[PDB]
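Comments concern the structure below.
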Amino acid sequence: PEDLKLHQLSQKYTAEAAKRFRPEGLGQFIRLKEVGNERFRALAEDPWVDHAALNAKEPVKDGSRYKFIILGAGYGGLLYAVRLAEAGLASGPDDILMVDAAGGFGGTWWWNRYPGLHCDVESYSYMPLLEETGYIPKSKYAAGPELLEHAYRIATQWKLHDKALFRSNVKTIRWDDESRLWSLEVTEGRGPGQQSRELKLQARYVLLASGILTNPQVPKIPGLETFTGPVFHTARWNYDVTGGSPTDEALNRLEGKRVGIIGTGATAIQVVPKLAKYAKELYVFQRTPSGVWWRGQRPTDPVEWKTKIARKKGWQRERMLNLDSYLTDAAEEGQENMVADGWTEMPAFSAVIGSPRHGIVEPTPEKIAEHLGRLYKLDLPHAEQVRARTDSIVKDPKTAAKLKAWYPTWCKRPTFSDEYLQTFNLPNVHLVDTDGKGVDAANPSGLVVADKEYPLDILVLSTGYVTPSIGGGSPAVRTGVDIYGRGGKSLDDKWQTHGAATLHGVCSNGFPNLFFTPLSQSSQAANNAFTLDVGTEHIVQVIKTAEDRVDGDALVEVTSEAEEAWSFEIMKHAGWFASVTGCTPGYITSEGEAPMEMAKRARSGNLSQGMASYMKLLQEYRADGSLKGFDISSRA
Ligand SMILES: Cc1cc2nc3c(=O)[nH]c(=O)nc-3n(C[C@H](O)[C@H](O)[C@H](O)COP(=O)(O)OP(=O)(O)OC[C@H]3O[C@@H](n4cnc5c(N)ncnc54)[C@H](O)[C@@H]3O)c2cc1C
């Protein structure tokens with residue numbers, strides 16, 4: 001048939017995926033902060049921190065003790081802090097220390113302030129604690145500054161300003177069997193030509209909200225060190241080079257200049273138009289095009305607000321559920337599509353998120369093939385619309401051809417823009433495709449691709465971050481710390497040797513009083529704030545329960561039995577994620593790197609049924625205070 005014929009599409013998809021097989025896998029990238037050359041490393045530094053201001057506050061003392069240490073002061077760590085405060089667990093003045101390498105609150109929204117930055121999920125669904133702060137976002141999609149200001153709004157509202165230690169890198173988290181406390185080894189930056197302070201900090205509990213897209217990377221492009229013009233990563237934007245500011249997109253200092261951008265991910269989609277407006281020439285260096293769908297940015301309407309958004313108590317959680325029902329292929333028949341944007345048009349995104357509607361995939365080759373066939377057929381209509389949209393906007397057919405993405409929607413993060421594609425209709429903008437191969441080399445005046453050379457004045461690296469999957473999902477690797485628990489046992493060694501092991505994705509046996517936002521062995525939503533909502537609430541509620549059961553000062557530790565049962569649960573769901581086999585490389589296959597070694601690998605994945613289902617499971621689990629599978633006792 002016609003329908004079945006059209007899957008020679010999956011022949012174009014495997015050809016385009018093959019084109020970019022790299023035998024090195026993740027080995028092609030290096031963290032900015034680990035590059036040999038010091039000039040280069042310095043690109044990872046915080047451009048925004050006011051060291052004078054921070055250096056004048058009372059310093060945190062070496063040997064300080066707290067009830068809770070939270071690693072991370074972005075939306076995730078803020079949610080933990082707010083939840084602890086509302087649970088009645090953090091009333092005392094040393095009950096919370098938040099620690100972050102950033103110079104202030106916001107995480108993602110502290111570091112990234114490049115021109116054009118917006119959240120890609122609806123503001124009303126994404127910004128935390130809207131109902132509790134009373135804040136009304138200005139638009140459908142929030143810009144950086146509004147996002148950062150909201151982080152400040154939260155910290156202000158819950159009086160967190162004097163409970164944070166910034167500019168600080170955590171290196172080690174070590175449990176002490178004797179005193180029953182975690183010790184953190186921390187290095188606090190004090191500004192240029194000042195000595196850093198080495199700190200040892202102790203806590204009863206450590207809560208990690210260390211994030212997932214945290215460590216800007218660059219590709220190992222031969223001779224990149226040697227390019228002599230100004231270079232910067234989008235995650236550490238250089239407004240001195242560019243002109244403008246976080247709240248001024250007039251990039252006056254690009255006028256007359258020849259600007260290069262490596263990468264075509266969400267960041268490039270947002271930045272490219274802003275660069276085109278100012279630069280004399282803009283060269284865009286592409287290895288894999290994004291599928292660019294429509295955005296539909298809109299100012300908030302005050303009638304729509306009280307009628308259709310803030311509809312009642314608890315409205316935001318209901319809205320987040322509504323949005324995610326489209327992405328988990330679960331929207332019921334005549335339900336209201338509350339968000340009604342481009343995310344609600346991609347039901348094959350469930351390939352990578354889960355769905356509660358289709359059962360569990362049995363792990364026979366016939367059942368996997370049927371699952372994949374189903375998902376490929378589900379995706380076909382949206383995927384063909386994305387290519388057609390590109391076809392219609394981009395006037396030159398050669399450039400249109402290169403901008404078309406040929407992979408299932410689920411293989412990369414979808415991107416949304418009403419200006420990016422149109423930007424390539426401008427005369428000063430040149431797409432440089434690398435045929436799946438990437439940039440070849442650099443030299444003092446610019447880059448080389450297939451022996452042609454492209455001279456540049458200013459180079460922008462929109463080459464992304466260390467994958468969220470790093471270290472098979474090890475919470476240690478992902479946060480960039482060594483974690484040692486009972487008997488000096490290393491979290492990461494356990495993870496690598498025995499496989500992923502948690503209960504509900506948030507704790508591990510041997511590591512009492514440590515919790516982490518769930519990544520491995522849980523579920524995820526496109527809307528990360530939803531995940532953080534669910535996960536921070538579960539963690540704080542488990543701790544609340546345990547504290548209440550011992551009448552303050554608990555020691556809470558999942559058993560090996562309970563984590564191992566949960567891990568066999570996760571293995572049962574692994575067939576869902578055969579969906580990822582056919583993917584073009586990207587952070588979701590760990591650039592293609594993702595016997596019974598297979599079941600060890602399977603342990604690091606997720607439930608297959610979506611966020612709502614995981615959430616409900618946690619609610620039922622907490623309901624009777626039993627904390628089944630935890631060893632609870634008095635810490636003192
Ligand atoms: C450019 C960009 C745009 C995005 N847009 C969206 C979106 O629209 N919707 C969405 O759902 N998601 C988006 N994301 C994903 C985003 O990371 C999450 O939505 C969210 O901001 C994460 O909150 P968090 O507090 O968990 O992590 P983060 O915001 O990453 O904060 C964690 C902080 O902890 C710090 N930290 C980590 N390790 C250490 C250590 N060892 N020592 C000290 N400090 C450390 C980090 O430096 C960082 O400051 C985006 C990500 C990026 C990078």
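As shown in the structure tokens, the chain order sets the letters A, B, ...; within each chain, residues go from 1, and ligands are also counted from 1 in the order they appear.
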Write down as a list in words the residues belonging to stretch 360-497 of chain A that are assigned strand (DSSP E or B) by DSSP computed on the backbone.
residues 415, 416, 429, 430, 431, 432, 433, 441, 442, 443, 446, 447, 448, 449, 452, 453, 454, 455, 458, 459, 460, 461, 465, 482, 483, 484 and 490 of chain A
Got time to write the residues from that selection, C-alpha atoms, as a compact mmCIF listing (two decimals), in the first residue's frame?
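Contents of out12.txt, freshly written:
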# COMPACT_ATOMS: atom_id res chain seq x y z
CA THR A 415 12.60 23.28 18.55
CA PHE A 416 10.08 25.94 17.88
CA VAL A 429 23.24 34.43 6.05
CA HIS A 430 24.98 31.28 4.82
CA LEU A 431 24.24 27.76 5.81
CA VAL A 432 27.38 25.66 5.79
CA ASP A 433 26.31 21.98 5.80
CA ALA A 441 39.44 21.69 11.45
CA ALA A 442 40.14 25.24 12.48
CA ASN A 443 42.95 27.61 11.95
CA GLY A 446 38.67 30.42 10.62
CA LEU A 447 37.23 26.94 9.94
CA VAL A 448 37.63 24.35 7.22
CA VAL A 449 34.85 22.14 5.85
CA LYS A 452 36.99 24.84 1.69
CA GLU A 453 37.94 27.48 4.25
CA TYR A 454 35.59 29.91 5.94
CA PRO A 455 37.34 32.93 7.51
CA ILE A 458 34.01 36.17 15.87
CA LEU A 459 33.19 32.49 16.65
CA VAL A 460 30.14 31.38 18.66
CA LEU A 461 30.02 27.84 20.06
CA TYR A 465 26.47 20.51 27.11
CA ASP A 482 32.73 11.73 43.92
CA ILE A 483 30.16 10.31 46.34
CA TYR A 484 31.30 7.93 49.11
CA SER A 490 31.73 4.94 45.86
Residues within 10 Å of residue A:99, only C-alpha atoms, excluding chain neighbours under 3 positions, as a list in words
residues 69, 70, 71, 72, 73, 77, 96, 102, 104, 105, 163, 164, 165, 166, 167, 168, 169, 170, 186, 188, 208, 209 and 210 of chain A
Writer output for current selection, C-alpha atoms, as a PDB file, in the first residue's frame:
ATOM      1  CA  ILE A  69      22.556  20.879  52.047  1.00  0.00           C
ATOM      2  CA  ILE A  70      21.014  21.410  48.651  1.00  0.00           C
ATOM      3  CA  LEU A  71      23.363  21.242  45.647  1.00  0.00           C
ATOM      4  CA  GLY A  72      21.981  23.582  43.091  1.00  0.00           C
ATOM      5  CA  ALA A  73      20.168  26.882  43.326  1.00  0.00           C
ATOM      6  CA  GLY A  77      17.003  23.384  44.301  1.00  0.00           C
ATOM      7  CA  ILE A  96      19.426  25.015  54.777  1.00  0.00           C
ATOM      8  CA  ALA A 102      26.798  29.911  39.732  1.00  0.00           C
ATOM      9  CA  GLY A 104      23.503  33.634  42.058  1.00  0.00           C
ATOM     10  CA  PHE A 105      20.106  31.919  41.906  1.00  0.00           C
ATOM     11  CA  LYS A 163      21.069  30.562  52.911  1.00  0.00           C
ATOM     12  CA  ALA A 164      23.169  30.204  49.790  1.00  0.00           C
ATOM     13  CA  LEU A 165      26.771  29.749  49.006  1.00  0.00           C
ATOM     14  CA  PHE A 166      27.591  30.733  45.392  1.00  0.00           C
ATOM     15  CA  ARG A 167      30.684  30.490  43.201  1.00  0.00           C
ATOM     16  CA  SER A 168      31.271  27.142  44.813  1.00  0.00           C
ATOM     17  CA  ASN A 169      32.205  23.838  43.247  1.00  0.00           C
ATOM     18  CA  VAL A 170      31.377  20.701  45.178  1.00  0.00           C
ATOM     19  CA  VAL A 186      33.807  22.590  48.298  1.00  0.00           C
ATOM     20  CA  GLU A 188      34.614  28.784  46.638  1.00  0.00           C
ATOM     21  CA  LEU A 208      21.112  16.932  44.799  1.00  0.00           C
ATOM     22  CA  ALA A 209      19.361  19.227  42.289  1.00  0.00           C
ATOM     23  CA  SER A 210      22.532  19.370  40.179  1.00  0.00           C
TER      24      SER A 210
END
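Nearest residue to residue A:488 among A:83, A:233, A:174, A:404 is A:174, counting only C-alpha atoms.
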Taking only C-alpha atoms and all ligand atoms into account, list the residues no farther than 6 Å from ligand 1, as JSON, numbers by chain.
{"A": [72, 73, 74, 75, 76, 77, 100, 101, 102, 107, 108, 112, 119, 120, 121, 168, 169, 170, 171, 209, 210, 211, 212, 213, 214, 479, 480, 481, 526, 527, 528, 529]}
Would you put the residues from that selection into a file with N, CA and C atoms, as an mmCIF file, in the first residue's frame?
data_model
loop_
_atom_site.group_PDB
_atom_site.id
_atom_site.type_symbol
_atom_site.label_atom_id
_atom_site.label_comp_id
_atom_site.auth_asym_id
_atom_site.auth_seq_id
_atom_site.Cartn_x
_atom_site.Cartn_y
_atom_site.Cartn_z
ATOM 1 N N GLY A 72 22.723 22.952 44.120
ATOM 2 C CA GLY A 72 21.981 23.582 43.091
ATOM 3 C C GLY A 72 20.969 24.600 43.601
ATOM 4 N N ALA A 73 20.983 25.774 42.994
ATOM 5 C CA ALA A 73 20.168 26.882 43.326
ATOM 6 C C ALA A 73 19.356 27.339 42.082
ATOM 7 N N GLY A 74 19.170 26.413 41.138
ATOM 8 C CA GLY A 74 18.238 26.653 40.061
ATOM 9 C C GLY A 74 16.815 26.358 40.536
ATOM 10 N N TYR A 75 15.877 26.248 39.590
ATOM 11 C CA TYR A 75 14.473 25.952 39.913
ATOM 12 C C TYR A 75 14.338 24.664 40.716
ATOM 13 N N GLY A 76 15.149 23.680 40.420
ATOM 14 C CA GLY A 76 15.111 22.463 41.199
ATOM 15 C C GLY A 76 15.478 22.592 42.653
ATOM 16 N N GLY A 77 16.636 23.156 42.934
ATOM 17 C CA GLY A 77 17.003 23.384 44.301
ATOM 18 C C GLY A 77 16.096 24.333 45.032
ATOM 19 N N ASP A 100 26.007 26.281 45.007
ATOM 20 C CA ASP A 100 25.970 26.335 43.563
ATOM 21 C C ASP A 100 27.261 27.008 43.078
ATOM 22 N N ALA A 101 27.790 26.514 41.991
ATOM 23 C CA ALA A 101 28.910 27.109 41.254
ATOM 24 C C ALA A 101 28.502 28.413 40.592
ATOM 25 N N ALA A 102 27.244 28.617 40.242
ATOM 26 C CA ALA A 102 26.798 29.911 39.732
ATOM 27 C C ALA A 102 26.989 31.020 40.707
ATOM 28 N N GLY A 107 20.238 28.708 38.277
ATOM 29 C CA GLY A 107 20.807 27.624 37.517
ATOM 30 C C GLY A 107 20.923 27.973 36.012
ATOM 31 N N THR A 108 20.336 27.124 35.187
ATOM 32 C CA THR A 108 20.155 27.404 33.775
ATOM 33 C C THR A 108 19.938 28.901 33.417
ATOM 34 N N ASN A 112 22.756 31.104 31.294
ATOM 35 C CA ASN A 112 22.385 31.338 29.917
ATOM 36 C C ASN A 112 21.646 32.612 29.879
ATOM 37 N N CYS A 119 12.365 30.057 27.321
ATOM 38 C CA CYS A 119 11.943 28.707 27.651
ATOM 39 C C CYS A 119 11.131 28.213 26.427
ATOM 40 N N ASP A 120 11.241 26.950 26.098
ATOM 41 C CA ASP A 120 10.555 26.303 24.967
ATOM 42 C C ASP A 120 9.251 25.665 25.367
ATOM 43 N N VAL A 121 8.971 25.567 26.677
ATOM 44 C CA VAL A 121 7.703 25.128 27.165
ATOM 45 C C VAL A 121 6.925 26.395 27.576
ATOM 46 N N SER A 168 30.649 28.258 44.160
ATOM 47 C CA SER A 168 31.271 27.142 44.813
ATOM 48 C C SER A 168 31.100 25.813 44.079
ATOM 49 N N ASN A 169 32.201 25.140 43.830
ATOM 50 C CA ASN A 169 32.205 23.838 43.247
ATOM 51 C C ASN A 169 32.308 22.782 44.300
ATOM 52 N N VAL A 170 31.335 21.888 44.305
ATOM 53 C CA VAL A 170 31.377 20.701 45.178
ATOM 54 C C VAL A 170 32.149 19.646 44.453
ATOM 55 N N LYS A 171 33.096 19.004 45.139
ATOM 56 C CA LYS A 171 33.937 17.928 44.513
ATOM 57 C C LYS A 171 33.675 16.539 45.050
ATOM 58 N N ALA A 209 20.149 18.692 43.421
ATOM 59 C CA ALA A 209 19.361 19.227 42.289
ATOM 60 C C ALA A 209 20.396 19.843 41.311
ATOM 61 N N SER A 210 21.273 18.978 40.858
ATOM 62 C CA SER A 210 22.532 19.370 40.179
ATOM 63 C C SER A 210 22.289 19.557 38.711
ATOM 64 N N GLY A 211 21.063 19.225 38.245
ATOM 65 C CA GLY A 211 20.686 19.493 36.835
ATOM 66 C C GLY A 211 21.202 18.448 35.842
ATOM 67 N N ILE A 212 20.970 18.748 34.562
ATOM 68 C CA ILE A 212 21.259 17.813 33.483
ATOM 69 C C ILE A 212 22.055 18.430 32.314
ATOM 70 N N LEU A 213 21.927 19.752 32.094
ATOM 71 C CA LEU A 213 22.615 20.460 30.957
ATOM 72 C C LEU A 213 23.420 21.616 31.578
ATOM 73 N N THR A 214 24.569 21.230 32.148
ATOM 74 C CA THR A 214 25.286 22.012 33.174
ATOM 75 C C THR A 214 26.710 22.384 32.822
ATOM 76 N N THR A 479 26.704 14.962 38.374
ATOM 77 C CA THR A 479 26.887 16.165 39.171
ATOM 78 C C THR A 479 28.328 16.582 39.255
ATOM 79 N N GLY A 480 29.239 15.721 38.781
ATOM 80 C CA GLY A 480 30.653 16.060 38.738
ATOM 81 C C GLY A 480 31.351 15.927 40.121
ATOM 82 N N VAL A 481 30.845 15.036 40.976
ATOM 83 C CA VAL A 481 31.375 14.834 42.357
ATOM 84 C C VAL A 481 31.726 13.395 42.536
ATOM 85 N N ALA A 526 8.684 16.149 28.926
ATOM 86 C CA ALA A 526 9.307 17.217 28.170
ATOM 87 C C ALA A 526 9.497 18.468 29.003
ATOM 88 N N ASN A 527 8.543 18.709 29.884
ATOM 89 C CA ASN A 527 8.566 19.817 30.751
ATOM 90 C C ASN A 527 9.299 19.352 31.986
ATOM 91 N N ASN A 528 10.565 19.700 32.046
ATOM 92 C CA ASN A 528 11.412 19.363 33.160
ATOM 93 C C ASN A 528 10.941 19.899 34.489
ATOM 94 N N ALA A 529 10.168 20.980 34.514
ATOM 95 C CA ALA A 529 9.688 21.574 35.737
ATOM 96 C C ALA A 529 8.642 20.679 36.340
#
Would you work out the distance separating atom CA of residue A:116 from atom CA of residue A:339, expressed in Å to one decimal?
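Answer for the atom CA of residue A:116 to atom CA of residue A:339 separation: 21.9 Å.
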